[PDB]
Every structure is written in C-alpha cells, then in structure tokens.
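Participant: Below: the sequence, then the experimentally determined structure.
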Amino acid sequence: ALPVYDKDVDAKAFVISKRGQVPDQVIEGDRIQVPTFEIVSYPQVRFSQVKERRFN
Amino acid sequence: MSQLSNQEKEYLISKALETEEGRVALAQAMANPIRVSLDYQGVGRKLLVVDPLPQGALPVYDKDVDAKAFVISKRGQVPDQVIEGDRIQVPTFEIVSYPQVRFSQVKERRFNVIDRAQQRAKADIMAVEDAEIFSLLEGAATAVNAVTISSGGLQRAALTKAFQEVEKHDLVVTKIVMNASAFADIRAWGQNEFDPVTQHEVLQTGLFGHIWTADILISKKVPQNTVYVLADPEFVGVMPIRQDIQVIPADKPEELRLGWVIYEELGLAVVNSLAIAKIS
Amino acid sequence: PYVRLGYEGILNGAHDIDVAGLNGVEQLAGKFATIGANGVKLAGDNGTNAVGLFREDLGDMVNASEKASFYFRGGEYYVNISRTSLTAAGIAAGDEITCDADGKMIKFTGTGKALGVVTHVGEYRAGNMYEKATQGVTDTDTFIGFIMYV
Amino acid sequence: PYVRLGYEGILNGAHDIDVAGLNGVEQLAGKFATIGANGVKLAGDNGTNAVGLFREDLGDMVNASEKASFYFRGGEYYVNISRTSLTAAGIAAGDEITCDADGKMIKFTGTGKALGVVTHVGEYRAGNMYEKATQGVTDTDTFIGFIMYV
C-alpha cells in the first residue's frame, strides 16, 4: 500500500524470485534406412540427413 | 533440504550455485528528474502564489480611468511527506545467487521516484503529506471535444488548446491506460493521427514527448511543461540505510534494507495547467 | 512503536454546540471551512478539537488553532450556529460557515492556559508573555482537550 | 506399480502416515519449498522430506534450519517415516509426504533410548547432542515410527 504514513504502514519495493533447476535435455530423432534402396536411387542418403536435421 | 525450491532434485541431476536475474520492475511513473530540483531546509513549507488582479474593465465606453490594482496572493501549506519502501533480505541468498543485491538498489531508487510522483499528483492523502495538485487544477475543457471525435484525436486536439491558453507546453502528461487506448482508438486507417505506424511513435505523441505518470487516471490527459507547473523542493534526498542493529533483523541472519526520501512540493502555477476528460 | 498525534489520525468524536448557553441564529460575517488554516485541502495541523474552536491564521478560512494567543480578537473564538461539524479536524465541513458569538460550548487543545504562543501542531503552550488573555473557563487549570464553556 | 514413480503411476513406492492429533485433532499438510511468495511454473517438489529436520519460516512454505539441543521445547521436527528407495536424494512431488509435529503425535527415530540425529535427505547418523538435537526426550517403549505426543 502506497505512502500515506511514516512508520505505521510502509509500502514495499520488495521483489521475490525462487530458483528452479534445469536438466540438460535431448532432442533427437532417428531415421532407419536400408543401403540397397539408397544406393540404387542415389540422392536418398543426402536427402535423409538434411530432411532429418530440418524435421527435428 | 534436497533443493532450494527447485523443480527436480539436485541429488538426481544438476549442480550450480550460479543463477541468473529473475527480478524485474513493473510500472514506471517518473517525473522528478524531468522537473527542476531545489534544496530546502525547514520542517514545513509555506508558498504564496499570485491570483487574478483586480483591475477596472470597460466593455462599453473608454474615456474614464481603470481602477488600480495591487498584488494579491493566496496561500498554501505543504507539510513534509515521507516516501519509502522497505526490503527484507536474507544475506546467504544474496551472496550465493549473486545479482540480487544490484537489483535491490536500482529497484529501490526507481521505486522512490515512482511513489513520489503518485502522492504529488494524488493517490490518497491523510492530511499528513503534500497537497493533491491534480484536484486543484483546471476542469475538463468541453471545447476541445468536437462531439464524437476519436481518443487519439483528443490528445492531438488538446495540445493545441494549451497553446491558445498561453501556457508552455513541451510535453504530454497522460495516464498509461489513456495513452494505449488513445493509440487503439484511431479512425479507419492503419496510420495514426500523430504520425504513421512506420515511424516510432510508441514514446511520442503529437510530435511532443510523452511523460507517463501513474495516477493521472483513465480518460484524462493533462498538457503542461513539467518544470513550469511545479517545482520539486527536497528536504533530504534519497538515501539507503541498512540495519542489522534493528531488533527483529539482528536475531536472524537477516538484514533490512530501507529506501527513503523526505520530500515536499512547490506549485508555481497551480492556478493553471489545462486538463481534459473525454466526453466522446 | 509509532503513534500519530493530530493531523487527522486522532479521533476526538463529535460534540454538540447547541448545548449550553444562548443560541443565536443564522447570519453572515462568517468564514470558510477547510483543512489548513491558511493551507489547502489535505494539508492542515489539528488539535484535539472536534467541534468547537478554530482560529484564522491567513485568509478568511478556519481550521483548528493557529494565531498568537497574546491577543484574541475577532468576537469570541468563533462558534457554529445550527450545523454540527462532522469532522475532527476541529472544523473542515467544506462549506462556508455562518458563525455566531453567543455563549456556546467549545473544545480546547494544548496543555496549560492559552496565554502563550502556538506550537505548530495545532496547540497552545506557555510563551514568554504571561497574564495575557485567556479563553473560556478561568480560575481553573485547563489541560489538553478540556471542555470549556465560553 | 512396481517402481513407479510415474508412468500412470500409482503406488507411489512411499507411504507417509497422517497421524491425527491428541485432545482435539491437529493436522498439517505437506509443504512446498518456495522462497517468499507462491511458486510459478509449477511449485516444484516438497521442502519437506521424510526423515529430515526442517522448520517453517513461512506460512505455506517450509525450509532449512536445524533445531539446536539444550532446553526442552516443542516440535518443528516433521519427521515422516522412511520410504523405500530415494533415501539420499529427498522425496519428489507425486510421492507421499506430510508434516508431523506441533500439536499432534509424531514419528520418532532411533531404537531404545539410544538416539542420535537425522540428515535432511533421509539418512540417519549417529551423534551426541552437543550443538544440535532432533526428536523429543526419550521415553519407555520408543522405537522407530513410534507415536510420542510432543
């Protein structure tokens, strides 16, 4: 409550904070591929690393 | 404990006693550095201001002599007021987290500046503090209001009105809600009336500066130049004191932080300073 | 710790001013009711006054006390005819008050006889001048917040 | 069940008894740790841990401070009977927690009249009483989880 008196009721400037803890986090995705399809089609491998990186 | 107030357990995961700043300020209401400052001594204030003069007037027929006038003044009293805020602190907490200490001082200073503007305008007085300047000053100017005219328009319209009055105007003293609402209540165009929205206009209106003081209240705009209307006499300036010799803080590890100033107010033209309330 | 005294933090109740004595009628040569005695609204010292007693310092405005007590003048100490003050600032009703001068009960403030000077809290105390004009009841040692009949 | 500790998720592998008071019943509910005002972005995990010497220093919040031996006074112990697993990590929110002490019958530690003290996290240690102490002055028929009125 804003000033209206002196040493009866006083206003507070007091701000409060609490600490919280954050663990390390993982974001990940895996893609499973078969070499034969990949080898014959030809860009699949390269497509798969970029598409995966972007996707996550 | 197993944690200070943490979300997970430190024992499970995570170590560190270093922690970032979380504390932050809310609601600015500065106007004291804008105004001029004077020292004062003495335990009460008396001010004198000049009223209208009693001269003669002739609306019809000029050949006679106007009645003479003499300098007539009215009084005001201003008792000292005390502006303060207090903080209760835990030294162990402060030393470990780290920035809290810096935040407390800079917050206390802002906080003293904030409370001072509120009492001076008005914010409930108990007859123990400086007079309520906002009440005494000029009523709502109905003339400005063109009848069913925008809120933003009102603030533009008022600025010019003070120039007709022959009172200095450098800047707009408005309420935070009235300013936001004024910005929002603009015509039928994206562009605002003060200047387009591709120009910075968040902190300027009508091409004049914006001073935000809280407790100027909603639907009210007050043009003035702050320096001219009032002046700030300071009995004692803002000072921190910190006490571990106070009764309840001593016993504990706790330290008490006081922030206070003892202030007074002078009114150099409380008999003028134009204000309006929208009727639109 | 920490106790207000005067200035609108003490409650002195209300008392009736049409009780005791002759009671005049409503007429002019009055003065205005406000907080402060030369001040402005929400800025005025105040005694232990409630209803009864108020002395002009500058302007033709009243609130409690304040005026050299060597010489009291103006016709009595001013009393209220047919309005009873609803504040405990002494008077500060916010109207123009029509005053009287018949024998009428008052509220006093300050320790000892008023024959002294003014304390700037809204009280009388003894000054360097003695055997100066007193107020109301005499022969009787007055104290802070006594009820006198003028 | 079993070992759950979430995943839907009910056991919770931790049971802490609300022991109702004596001569008119008294309860106190499990306390959160928060520094001043009420915790944002969840309230986290409890300040209280089964088998730990805590003291409330705030109304709905409990925190560190350890009751010092010498001259017998009341509770503020908030010992809660030990859970199975998680006994040097504290106990996490979503497991069973309470407060037991202060106007109610409590949970004791230590077998016989031979007593020592408790660490916060849920471990027990030896130690004689010489700058800290936990739990009331020993009585006959006092074992672990036994009901002493303090």
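Facilitator: Thanks, I have it. Numbering: from 1, shown residues only, chains lettered A, B, ... in the order given.
Participant: Name the residues of stretch C:117-131 that are buried.
Facilitator: C:117-119, C:121-127 (16 or more other Cβ atoms under 10 Å in any protein chain shown). From N, CA and C alone the C-beta is placed, and that goes for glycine too.
Participant: and what of stretch C:81-93?
Facilitator: C:81, C:83, C:85, C:87-93.
Participant: Throw those residues into a markdown table and include distance to chain A and secondary structure, thanks.
Facilitator: Shown next, in a markdown table, are the buried residues of stretch C:81-93 (distance: Cβ to the nearest Cβ, whole Å; DSSP: H, G, I helix; E, B strand; the rest coil):
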| residue | distance to chain A | secondary structure |
| --- | --- | --- |
| C:81 | 35 | coil |
| C:83 | 29 | coil |
| C:85 | 23 | coil |
| C:87 | 18 | coil |
| C:88 | 17 | coil |
| C:89 | 17 | coil |
| C:90 | 21 | coil |
| C:91 | 23 | coil |
| C:92 | 18 | coil |
| C:93 | 23 | coil |
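Participant: quick one: which of these is nearest to residue B:12?
Facilitator: residue C:88 (64.2 Å; Cβ to Cβ).
Participant: The closest one touches residue C:14, doesn't it?
Facilitator: Yes: counting by Cβ atoms under 8 Å, residue C:88 does reach residue C:14; the two are 7.4 Å apart.
Participant: so what sits against both of these two?
Facilitator: residue C:50 (Cβ atoms under 8 Å, 6 or more residues apart in numbering or on different chains).
Participant: near chain D, which residues of chain A?
Facilitator: A:16-20 (Cβ under 8 Å from any Cβ of the partner chain).
Participant: Show me just the buried residues among those residues.
Facilitator: So, by 16+ other Cβ under 10 Å, the buried ones in these are A:17-20.
Participant: In strands only, show me those residues.
Facilitator: Nothing among those maps onto strands, per DSSP state E.
Participant: Also near chain B: which of those residues, exactly?
Facilitator: Among these, chain B is touched by A:17-20 when using Cβ under 8 Å from any Cβ.
Participant: who's in contact with stretch A:39-49?
Facilitator: By Cβ under 8 Å, 6+ apart, stretch A:39-49 touches A:31, A:33, A:37-38.
Participant: for these, which one is nearest chain C?
Facilitator: residue A:31 (72.4 Å; Cβ to the nearest Cβ).
Participant: got the contact list for the residue nearest the centre of chain C?
Facilitator: Centroid-nearest residue in chain C, with Cα atoms, centre = their mean: residue C:53, separated by 2.0 Å. Residues near residue C:53 by Cβ under 8 Å, 6+ apart: C:47, C:64-65, C:77-78, C:90, C:106-109, C:135.
Participant: Please pick the buried ones from these.
Facilitator: C:47, C:64-65, C:77-78, C:90, C:106-109, C:135.
Participant: In CSV, list these along with secondary structure and distance to residue D:40.
Facilitator: CSV is the format used below for those (DSSP: H, G, I helix; E, B strand; the rest coil; distance: Cβ to Cβ, whole Å):
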residue, secondary structure, distance to residue D:40
C:47, coil, 51
C:64, coil, 51
C:65, coil, 54
C:77, coil, 62
C:78, coil, 61
C:90, coil, 51
C:106, strand, 60
C:107, strand, 55
C:108, coil, 58
C:109, coil, 53
C:135, coil, 63
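Participant: which of those residues come close to chain B?
Facilitator: Okay, of these, nothing touches chain B (Cβ under 8 Å from any Cβ).
Participant: surely residue C:90 meets residue C:107?
Facilitator: Yes: counting by Cβ under 8 Å, residue C:90 does reach residue C:107; the two are 7.4 Å apart.
Participant: For those two, list the residues in contact with both.
Facilitator: C:47, C:49-53.
Participant: did I read that right, residue A:48 in a helix?
Facilitator: Yes: judged by DSSP: H, G, I helix; E, B strand; the rest coil, residue A:48 forms part of a helix.
Participant: neighbours around it, how many?
Facilitator: Here the number of neighbours of residue A:48 (other Cβ atoms under 10 Å in any protein chain shown) works out to 13.
Participant: what does residue C:16 give?
Facilitator: 10.
Participant: Can you name the residues that contact residue A:33?
Facilitator: A:44-45, A:48.
Participant: just curious, which of these is nearest to chain C?
Facilitator: residue A:48 (75.5 Å).
Participant: Go through the buried ones among the contacts of residue C:53 and name the one nearest residue D:101.
Facilitator: Nearest member of those to residue D:101, counting by Cβ to Cβ, is residue C:47, at 54.6 Å.
Participant: what about the closest residue in space to that closest one that isn't next to it in sequence, distance to residue B:79?
Facilitator: Ranked by Cβ to Cβ, 6 or more residues apart in numbering or on different chains and with sequence neighbours excluded, the top spatial neighbour of residue C:47 is residue C:109, at 2.8 Å. The gap separating residue C:109 from residue B:79 is 18 Å, by Cβ to Cβ, to the nearest Å.
Participant: Residue A:40: helix or strand, and which one exactly?
Facilitator: Per DSSP states H and E: residue A:40 is located in helix A:35-41.
Participant: er, residue A:52 I mean
Facilitator: Judged by DSSP H and E, residue A:52 forms part of helix A:44-55.
Participant: Looks like residue C:117 contacts residue C:66 (just checking).
Facilitator: No: if you go by Cβ under 8 Å, residue C:117 and residue C:66 don't touch, sitting 10.8 Å apart.
Participant: what's the burial count for residue C:137?
Facilitator: 15.
Participant: Return the closest of the buried residues of stretch C:117-131 with respect to residue D:43.
Facilitator: Using Cβ to Cβ, the buried residues of stretch C:117-131 come closest to residue D:43 at residue C:121, 51.1 Å.
Participant: Can you tell me how far the closest one is from residue B:168?
Facilitator: 39 Å.
Participant: got a list of what residue C:131 touches?
Facilitator: Contacts of residue C:131 (Cβ under 8 Å, 6+ apart): residue C:115.
Participant: What parts of chain C come near chain D?
Facilitator: Counting by Cβ under 8 Å from any Cβ, no residue of chain C is near chain D.
Participant: who in chain C is up against chain A?
Facilitator: C:1-2, C:4, C:9.
Participant: Just the closest of the residues you listed to residue D:24, please.
Facilitator: Taking these together and measuring to residue D:24 by Cβ to Cβ, the closest member is residue C:1, at 36.9 Å.
Participant: For the closest one, grab the count of nearby residues.
Facilitator: So residue C:1, with other Cβ under 10 Å, has 4 neighbours.
Participant: Next, the contact list for it, please.
Facilitator: residue A:7.
Participant: Correct me if wrong: residue C:114 contacts residue C:69.
Facilitator: Yes: the pair residue C:114 and residue C:69 qualifies as a contact (Cβ under 8 Å) at a distance of 4.7 Å.
Participant: Show residues contacting stretch C:5-13.
Facilitator: A:5, A:8, B:79, B:126-128, C:4, C:35, C:44-50, C:88-89, C:107, C:121-123, C:145.
Participant: list the buried ones in that stretch?
Facilitator: Applying 16+ other Cβ under 10 Å to stretch C:5-13 flags C:6-8, C:10, C:12 as buried.
Participant: neighbours of the closest residue to residue A:9 other than its chain neighbours, just the number please.
Facilitator: Nearest residue to residue A:9, sequence neighbours excluded (Cβ to Cβ, 6+ apart): residue A:1, at 5.9 Å. For residue A:1, the neighbour count with other Cβ under 10 Å is 9.
Participant: likewise the one 4 residues further on?
Facilitator: In terms of burial, residue A:5 registers 18 neighbours under the definition other Cβ under 10 Å.
Participant: which ones are touching it?
Facilitator: B:126, B:128, C:4, C:9.
Participant: Ramachandran coordinates for the last one?
Facilitator: Which is residue C:9. Here is the backbone geometry of residue C:9 (degrees, to the nearest 10): phi -130, psi 0.
Participant: on that earlier part again, which among the buried ones among the residues of chain A next to chain D gets closest to residue C:58?
Facilitator: residue A:17 (52.9 Å).
Participant: which SS class is the closest residue to chain C within chain A?
Facilitator: Nearest residue of chain A to chain C (Cβ to the nearest Cβ) works out as residue A:7 at 4.2 Å. Secondary structure, three-state DSSP: residue A:7 is coil.
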